[PDB]
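A single chain comes next, written as structure tokens; it is the form deposited in one PDB entry.
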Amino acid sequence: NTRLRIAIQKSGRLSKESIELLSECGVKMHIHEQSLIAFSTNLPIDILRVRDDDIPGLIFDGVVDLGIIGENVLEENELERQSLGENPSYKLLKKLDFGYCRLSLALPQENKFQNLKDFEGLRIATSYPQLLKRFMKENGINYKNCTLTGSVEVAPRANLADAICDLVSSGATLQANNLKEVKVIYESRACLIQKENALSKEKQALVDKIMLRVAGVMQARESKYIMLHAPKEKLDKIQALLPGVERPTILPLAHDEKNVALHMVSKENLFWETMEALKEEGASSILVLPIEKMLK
């Protein structure tokens, strides 16, 4: 077909945010939970809703054009196919601002953990054998792999393994099974990827247009509009504290020769630490306003 094909997760932790991103990029569509393919009404785009496990392979095989997938799953599949002698490839278009999670080694609460060497020779249960293997090789630790495709935290209490390597964000399931997180081995986030084989000129131009929108949407979520007063003597430090998307606008203050007004757009979000550092450097009247849309 002439229409651009984008694979996203049908249901799971990435689904809502994947749809939201596309929608905020002006891709109008009607999604019914039972329908596995949504057709955009205003753009030549088909959204395929599939299991996240299959997204890397669909992209590697060139059967969809774009995909939104967690880095962890993308790499685990890439490594697996490489280990079977294949040469999977893809283009990473953008690391996205959701799907944050980590892959961590965990042990029974009772165990005494001092360092990574404590895993030497242990049986380790995981749904991510390749990612675990690569990390253990890099650190020169021998172990016995036990692959489980789910319910990984059962393994120690059930004597299937001595430890686990599992995905975590909150920590809940670990506590419930008498386990403690001990070492983060991998950090992941959602990515937007593209198949390796060149698209048609028209499809590629549509991807280019979307990508500009994606960057815009993400940048608007992170960036803030900042207004503050700064002493002229401290301007360079203040700017170093708050990196901007462009050069700051500097305006004279009418009744005041020692200070200036600074208007700028931050590259990153403003945390209280930064607000406090700015005040320490002599900044005052600091205002941070939200931005709904932007385009550099």
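Each residue number is its position in the shown sequence, starting from 1. Definition used throughout: the rigid core is the maximal C-alpha set that superposes within 1.5 Å between two forms.
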Quiz prompt | Entry-level comparison of average CA B-factors, 254 to 262 and 44 to 52, reporting the higher stretch | solution = 254 to 262
Self-check item: Per the entry, higher mean C-alpha B factor between 149 to 157 and 69 to 77
Solution: 149 to 157
Quiz prompt | Residue with highest C-alpha B-factor in the PDB entry, from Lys209, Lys203, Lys112, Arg189 | solution = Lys112
Quiz item: Of the choices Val63, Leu228, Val27, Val245, which one's C-alpha carries the largest B-factor in the record?
Solution: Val245
Quiz item: Relative to the other modelled residues in the chain, which third contains the C-alpha temperature factor of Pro108: lowest, middle or highest?
Solution: highest
Quiz prompt | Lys117 by Cα B-factor - lowest, middle or highest third of the modelled chain | solution = highest
Quiz item: In terms of the CA temperature factor given in the entry, to which third of its chain does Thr274 belong: lowest, middle or highest?
Solution: highest
Quiz item: For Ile185, does the deposited CA B-factor place it in the lowest, middle or highest third of the chain?
Solution: lowest
Quiz item: Split the chain's modelled residues into thirds by Cα B-factor; is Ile286 in the lowest, middle or highest one?
Solution: middle
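Below, we turn to the form deposited in another entry, even though it does not appear here.
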Self-check item: Comparing forms between the shown form and the other one after core superposition, the one residue of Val73, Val152, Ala190, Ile193 displaced by 2 Å or more at CA
Solution: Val152
Quiz item: Core-aligned, does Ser40 move its Cα 2 Å or more between the shown form and the other one?
Solution: no
Exercise. Taking the rigid core as the superposition reference, indicate whether the CA of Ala125 shifts 2 angstroms or more between the shown form and the other one.
Key: yes
Practice problem: State yes or no: after fitting on the rigid core, is the Cα displacement of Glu281 between the shown form and the other one at least 2 Å? | Solution: yes
